[PDB]
Amino acid sequence: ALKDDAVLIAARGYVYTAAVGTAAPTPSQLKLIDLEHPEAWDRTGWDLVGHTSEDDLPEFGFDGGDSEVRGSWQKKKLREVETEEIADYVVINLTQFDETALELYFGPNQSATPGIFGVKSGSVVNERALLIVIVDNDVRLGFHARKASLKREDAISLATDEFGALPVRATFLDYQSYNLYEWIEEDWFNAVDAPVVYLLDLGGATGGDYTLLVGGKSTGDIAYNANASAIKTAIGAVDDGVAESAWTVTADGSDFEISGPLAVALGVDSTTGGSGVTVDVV
Amino acid sequence: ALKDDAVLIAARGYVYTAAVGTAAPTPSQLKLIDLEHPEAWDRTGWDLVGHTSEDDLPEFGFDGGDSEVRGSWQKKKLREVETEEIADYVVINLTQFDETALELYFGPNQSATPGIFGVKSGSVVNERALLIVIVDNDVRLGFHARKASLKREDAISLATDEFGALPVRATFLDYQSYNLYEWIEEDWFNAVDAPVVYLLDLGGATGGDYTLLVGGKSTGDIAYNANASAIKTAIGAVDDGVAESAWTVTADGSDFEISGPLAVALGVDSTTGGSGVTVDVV
Amino acid sequence: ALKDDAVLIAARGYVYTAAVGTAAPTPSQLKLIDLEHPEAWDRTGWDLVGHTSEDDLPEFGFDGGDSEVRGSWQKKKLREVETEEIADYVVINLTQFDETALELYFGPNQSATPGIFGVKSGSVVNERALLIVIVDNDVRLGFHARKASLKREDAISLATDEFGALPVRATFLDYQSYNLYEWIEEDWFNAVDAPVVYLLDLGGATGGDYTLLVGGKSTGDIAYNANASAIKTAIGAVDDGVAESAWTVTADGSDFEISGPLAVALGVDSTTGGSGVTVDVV
Amino acid sequence: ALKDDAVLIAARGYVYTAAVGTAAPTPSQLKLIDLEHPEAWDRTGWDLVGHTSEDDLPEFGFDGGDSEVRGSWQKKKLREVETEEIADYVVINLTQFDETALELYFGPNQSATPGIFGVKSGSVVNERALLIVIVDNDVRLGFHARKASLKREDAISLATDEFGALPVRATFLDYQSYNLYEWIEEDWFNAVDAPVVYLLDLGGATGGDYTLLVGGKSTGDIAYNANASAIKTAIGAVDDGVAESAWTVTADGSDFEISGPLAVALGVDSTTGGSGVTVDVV
Amino acid sequence: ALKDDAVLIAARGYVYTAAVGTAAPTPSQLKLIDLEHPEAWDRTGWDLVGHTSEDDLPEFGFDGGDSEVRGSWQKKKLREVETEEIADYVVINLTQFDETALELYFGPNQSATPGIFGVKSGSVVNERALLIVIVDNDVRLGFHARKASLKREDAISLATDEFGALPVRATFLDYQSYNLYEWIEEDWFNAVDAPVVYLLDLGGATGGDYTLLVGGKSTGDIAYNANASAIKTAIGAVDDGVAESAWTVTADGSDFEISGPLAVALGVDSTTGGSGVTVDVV
């Protein structure tokens, strides 16, 4: 079903890299971790890749994935074949010109001299693990790959009035014992299979009567001295194919939990004292 | 044939899925069911796919249908032959990032760990039933397909301003020789040229609680010699169906006429006098 | 003559075999049989050779048919000598590795042990009856050979993105004074011969006049009430028209039925009622 | 006839070699072994050949196979004779460059010094058994020759942007009255009708404590019993390659009829009253 | 025997030449030598042929090697014979027009005059040694022939937009008791049968459990406290054709080194914090 919490805006994030096979922080640790300092974590090998553009967030493209339906003279669609294999990648726009970033765009530094980055002719091999943390309003969706090959995506970009950028493509490659890549958040992947539950709070109501607006459907007034079968029958007047058999309730002193197929809501009540009768989601 | 009532604006909508082959709620039910709460529908286990992008709505595209003319030296238009068969699909932008949406974009989770969603090395297949409901101010056009082969259409999208989006393409396929897809709305397709009126006749009966069924559900309580107004109250509302305002009635002697948004038939009889209760359509 | 159903596109079609000398379905049966199920036919001997390539269709080749001139000093051509007698064959590209299609390419299975298909070094005699049914949009040119000798034509071909194929050549052989092979289709071989016929219907005309196109010329102002002989005169009166005795005309009610050497069709028409004048070829 | 299962696409596969005359795994084993580790096979040594080209797959060619007609003036076609007998071969197109592959292309290493491979002459004899396994998503057409003679087919290919290649022709030869070669698959070449079933009985015994033989292996300790799952386990849950869910066991009387992916037989026996455990084919 | 490090791409490489009989670098020197300065090597006498085309690499062809099988009236298909002796060669496309590259193609300079290179009628001998080094990204497959005879293979190629080229063919000839030619590489020709072994780290994580994925089959759960014999019988428990006699397990203090007939991978980890569980090759 729908939930507003898992709608994502990438308002800040961090890209880290390490030697191949390295472990990212657990889905629990991503809520406690200090993101600025990967030398200080409970598990280590990550270094922060340097500043990445705010204009061009990382793009998780893929090449390939074509297919054709192979026929025979006697049956027009016998099976499909994959005519070019998929290749997933991410493209990242680094914006430091430091050693930590030129070494990902050009590969390993090829001079021993102080103060110089040398690069040398022809095709070259360069590989790393990745961790990407995306964060807004204290929800912290991670992404991790056990290895990728790192390659020049496009020209180094320079302008006089916006930061320079080194576009790099990390093509994802298999590391045998593990997934190709994985997404990390304790609140919303492999979560608890718990139902949505509602609570009725007496609110200190000293007397009088109240109503409920379940699924936007009204019901007749019920006295403040309510009980489980009274609220079951009072909401069970839905007129929407969901009678009193559709609902589950617990006694809970005076502040009943309610469970059922559609949302509980407060109607109108006589406010003899306290807040009056009150409704919540658990 | 100009009709302002059917010039659709897609002001809101909903998208739902299930295991292949499920039935969408019938053309009359779709006008009545509550859209945010699939488990309330009294139909089957449809799941709401999560939030879907509120701009760049679904497009019901097609590929192929190119065709060539084949000539002979003495007749230039002798025959025509299809280059490829018309293959058609809907493309959808999912905007939640939890397992409810990643299930459609990547396929199902490849890891057991709580808080992790793992992705495979390649070639996952993800056939699913699809239902879409488009919602103007009150008109309620549905679309249903028994079997669609879901896949990724393009890279996932991220921004610091706009919501993130996962684009999926759902190609339609043959399920048990049934329709490839179908559009469901009671008032627009295969419409009745005049309102359906059911007729009842008690057959000279003179006793008993002999009672109807409506919309496929047996009715609570109807009896011999009941007035038309009592029959009006004893329909719909008492069955947790639509209220007394949804229905029309007329009667004289043993004979009654009924109309409303749901079908009518005989539920129970035991023939105290006469030939028993009888029912049909005008 | 020109005909436009007799031009063949081999869009789908089936290949069968049986013991030497056996009978095919007759031309009148072949229109009605179901082709995937040789057990259900009245001619009980047949079985399919499995699936066949969609691109490398059967090739009905021949080799030999080569001859040279003989003469003498006084007279330079006097005899011809047949240098190499013609031998027609068909090359079939089987694409299936079941026993039912290896046993054509390799000859009989050489092992009694279950699940291995043994081959041996000496060449082996292998002869079958052959039937092919080329299904052009449910027009069915059949082909049948009473005896053919089957040999491997070329290497087994394998690919990663196309089906493996087993090219086999069937060379046709004489058998007990039956035909070398025969093509079977009820519509168009040895069928009864008669002139083309045209029909026109005035379509409810209470009055008016009309024109026929004939041999690309036109005949003027025929009234709705003209008799069969009078419209034969109106056709025969055309300047490029053959003699008035060469046409034939007949009539009943609102319609007239016609034959002759040139084609005839509706020109401009007028009526005081009905759908206008109408025409077709019988 | 017309199976879709047997329409092989050779998308992946392996090649192995061994001393002349070596037995392959049987067609029932070939469906359950793992291909990449031939130390595990319960068979004498089938060493892998190394990597083979993606696209230049093995081609099962033949040379020769030509014949001529003999006659006299009275009788033009009385006899036929071979001009060149059939000579079957396969062209394996290797890409690994170490001593694993060079001993097929050049013959055995001529130099005893470490780090060097030398070669000397024409007419180096190089005869070894061959096994090939094409794989197409859990159908596994094996091919086996008791001996082949290997020679180089063509020049060594080198390139700057594609793998080098060492093409070898393996030519098949007769050996010790065995087949020239055997194609191996249990689902295709024999016994594709209803599966074989085996008896078991209490046999009227007053007890029992005696084991089975399954897949030609012994099984864990077992005794006279009421429950068919206690026969399913200890036929399955054995270190022979198959899960217990692959088997089925009946309970229609004192009889426990069994069927599954491997044969079953008597391991140990004694009468103990009764007559015997009775484990023959049904 | 699959070894991904031994699948050669000839991306860069060098060609050298010297007086007949001269010795190449030993396989242990071949990793150390500076390939652009033969004047510096421990093996005196080599110098470079100069630049070679990138498009057309050394072609290690051969001519002849034709063979047939023959027998007698006494005895059918008795013996193979090689009807002409196989003649190996390599073709090198030179591209320098300097004297050091004209001398391979035309033989020695026929003029003493400074600044010209005369050529003369008839045969010229030009026998010399050859060394080739193919450099796939820090593996260096050498090739050496103690005597080759060098003849021009084709026309000098000239073009306006591509380097001009001189194709020379070096035919290989037998010299004293030595091999015809040798491939030199320390890692992978006549090398030791180096064991394949897996290391299960377990370098932390006191508490909880893991599986192992062996031959692609998961064993059951095993705890962090387990000893070598417990790990052995857990690995030996799988269905797949192997038992505790085939495996070895050893320990460096709670850190396990293991070997056997199948590959081993991490499967599933559920141990405590500390990141201890990991398995990889030695």
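Novice: Just checking my understanding: could you explain the sheet that holds strand β17 (residues 264–269) of chain C for this structure?
Specialist: Backbone hydrogen bonds hold the strands of a sheet together, and the pairing may be parallel or antiparallel. All names here are of chain C. Taking strand neighbours across the sheet as the criterion, the three strands line up as β14-β13-β17 in an open arrangement whose pairing is antiparallel. Strand pairing shows two members of the sheet lacking a second neighbour, β14 (217–223) and β17, which therefore form its edges. In this sheet, neighbouring strand axes are inclined to one another by 30 degrees on average, regardless of whether the strands run parallel or antiparallel. Bridge analysis of strand β13 (residues 209–214) against β14 gives five bridges, and the strand direction is antiparallel. Its bridge partner lying in β14, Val214 is registered against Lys217. Packing of helix α3 (residues 228–236) onto the sheet brings it into contact with β13, β14 and β17, and relative to β14 it is tilted by some 150 degrees.

Novice: Would you explain the interface of chain E and chain D in this entry?
Specialist: For an interface, size is often stated in terms of accessible area lost upon the parts coming together. Between chain E and chain D, the contact holds 48 residues from the first and 54 residues from the second. Both sides together, the interface formed by chain E and chain D hides about 4200 Å², and carbon and sulfur atoms give 57% of it. If you sort the residues of chain E by the area they bury against chain D, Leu2(E), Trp183(E) and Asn190(E) come out on top, with a joint share of 15%. When the shortest N-O distance is used, the salt bridge between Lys3(E) and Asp98(D) registers 2.7 Å. The tally of links between chain E and chain D comes to 22 residue pairs in polar contact. Where the side of chain E that touches chain D is concerned, the elements lending two or more residues are β5 (79–82) and β10 (181–184) of chain E. Among the elements that line the side of chain E that touches chain D, the one with the most residues is β10(E), at four residues. By residue class, the composition of the side of chain E that touches chain D is 29 nonpolar, seven polar and 12 charged. Of the strand pairs in this sheet, strand β7 (residues 116–119) of chain D and β10(E) are connected by four bridges, and their pairing is antiparallel. Across the sheet, the residue bridging to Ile116(D) is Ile184(E), located in β10(E).

Novice: Just checking my understanding: could you explain the pairing of strand β9 (residues 142–152) of chain B for this structure?
Specialist: Moving residue by residue along a regular strand, the side chains alternate between the two faces of the sheet. Residues and elements named next belong to chain B. Along β9, nine of the 11 residues are buried, which leaves the element largely enclosed by surrounding structure. Bridge analysis of strand β8 (residues 126–135) against β9 gives seven bridges, and the strand direction is antiparallel. Pairing of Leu130 across the sheet is with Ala145, part of β9. Hairpin remark: β8 followed by β9, antiparallel, with six residues in the connecting loop. Here three bridges tie β9 to strand β11 (residues 182–184), and the two strands are oriented antiparallel to one another. For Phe143, the partnering residue across the bridge sits in β11 and is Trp183. As defined by bridge partners, β9 adjoins strand β10 (residues 166–172) across five bridges and the pair is classed as antiparallel.

Novice: How should the sheet that holds strand β11 (residues 198–200) of chain E be read in this particular structure?
Specialist: Residue and element names in this part refer to chain E. With antiparallel pairing, the four strands of this open sheet are ordered in space as β16-β17-β11-β19. The strands lining the two open edges of the sheet, one partner per strand, are β16 (248–251) and β19 (279–281). Here the average twist between neighbouring strands, direction ignored, is 25 degrees.

Novice: Sorry, what's going on with the environment of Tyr89(A) here?
Specialist: Residue and element names in this part refer to chain A. Along the chain, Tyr89 falls in strand β6 (residues 87–94). Judged by relative accessible area, which is 14%, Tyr89 ranks as buried. Separated by 28 residues in sequence, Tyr89 and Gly61 place their C-alpha atoms 5.6 Å apart. Apart from residues lying up to four places away in sequence, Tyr89 is in contact with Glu59, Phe60, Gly61, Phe62, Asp63, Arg169, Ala170, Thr171 and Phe172.

Novice: Sorry, what's going on with the interface of chain E and chain A here?
Specialist: Of the residues lining the interface, six residues belong to chain E; the matching set on chain A comes to six residues. For the pair chain E and chain A, the summed buried area comes to about 390 Å², and 48% of that belongs to carbon and sulfur atoms. Ranking the residues of chain E by area buried against chain A places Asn137(E), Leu266(E) and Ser275(E) at the top, with a combined share of 65%. For the pair chain E and chain A, the number of links is zero salt bridges.

Novice: Whenever I open this one, the environment of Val69(C) confuses me. Can you help?
Specialist: Mapping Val69(C) onto the fold places it in strand β4 (residues 66–72). Along the chain, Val69(C) and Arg79(C) lie 10 residues apart, while their C-alpha atoms are 6.1 Å from each other.

Novice: Teacher, can you tell me more about helix α1 (residues 99–106) of chain E here?
Specialist: Since the α-helix packs 3.6 residues into each turn, any two residues three or four apart lie on the same face. Residues and elements named next belong to chain E. If you check which residues of α1 are buried, you get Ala101, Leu102, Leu104, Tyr105 and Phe106. Tucked into the core, α1 has its buried residues touching β1 (13–18), β6 (87–94), β8 (139–152) and β9 (166–172). Two residues or fewer past α1, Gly107 is found with a positive phi of approximately 70 degrees.

So, how was this worked out
Residues numbered from 1 in each chain as written, not as in the entry; some residues may be left out. Chains lettered and ligands numbered in written order. Part of a larger assembly, values for the part shown. Heavy atoms only, no water. Pairing = 2+ DSSP bridges. Helix = DSSP H or I, 4+ residues; strand = E, 2+ residues; numbered from the N terminus. Axes fitted to C-alpha atoms, helices over the stretch in contact; angles between N-to-C directions. Contact = heavy atoms within 4.5 Å. Buried area = accessible area lost by both parts, 1.4 Å probe. Salt bridge = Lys/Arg side-chain N within 4 Å of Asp/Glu carboxyl O. Polar contact = N/O pair within 3.5 Å; in protein donor to acceptor, adjacent residues only side chain to side chain. Nonpolar A, V, L, I, M, F, W, Y, C, P; charged D, E, K, R; others polar. Buried < 20%, exposed > 50% of the residue type's maximum accessible area, 1.4 Å probe, protein only.

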